[PDB]
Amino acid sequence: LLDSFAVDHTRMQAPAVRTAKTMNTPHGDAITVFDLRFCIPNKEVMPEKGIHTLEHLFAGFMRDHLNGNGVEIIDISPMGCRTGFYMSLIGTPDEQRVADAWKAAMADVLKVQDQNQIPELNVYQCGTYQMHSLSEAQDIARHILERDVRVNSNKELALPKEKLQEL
């Protein structure tokens, strides 16, 4: 992520919410990008099909539970390392509010009955429509609820001078 805090992924707990970046707009509004860490870095990874199916569901369900009262979601997208999603939004909700909405969204994934209920899962509306698994998406959502969602601190995970050097 562009212009982010530099945090130590070997100490990063998951699942967890973290402020990856804040930004101002020209007329003074706030934009926050959240690190929604599903998996512990370099120990766990979400599978490709599940993460894609989850991507189709996550944005809507997150909007259902998070939009309004000063918050407007711009986009939720997967991380290329496959350990989480970045969520960019207008507003400055606190991390526990995001964590509660995220958990509520994972619950919603569990009630999805069939690949047929999934928004835009067809050749006309998905770039790679074969690359899907509702059961994998549900396993991921289920693991988030089993593990709960911590709040991570940028202060606690900050890389010290010594370790940045060593790189």
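Counting begins at 1, following the sequence as shown.
Of the two segments, 131 to 139 and 112 to 120, the one listed with the higher mean B-factor is 112 to 120 (C-alpha atoms only). For the pair 121 to 129 and 96 to 104, the mean Cα B-factor is higher in 121 to 129. Compared with the other modelled residues of the chain, the Cα B-factor recorded for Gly70 ranks in the highest third. Ranked by C-alpha B-factor against the other modelled residues of its chain, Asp35 falls in the lowest third. Ranked against the other modelled residues of its chain, the C-alpha B-factor of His52 as given in the entry falls in the lowest third.
Looking at the C-alpha B-factors along this chain, the one for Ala16 belongs to the lowest third.
Per the PDB record, residue ranking by Cα B-factor puts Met46 in the lowest third of the chain.
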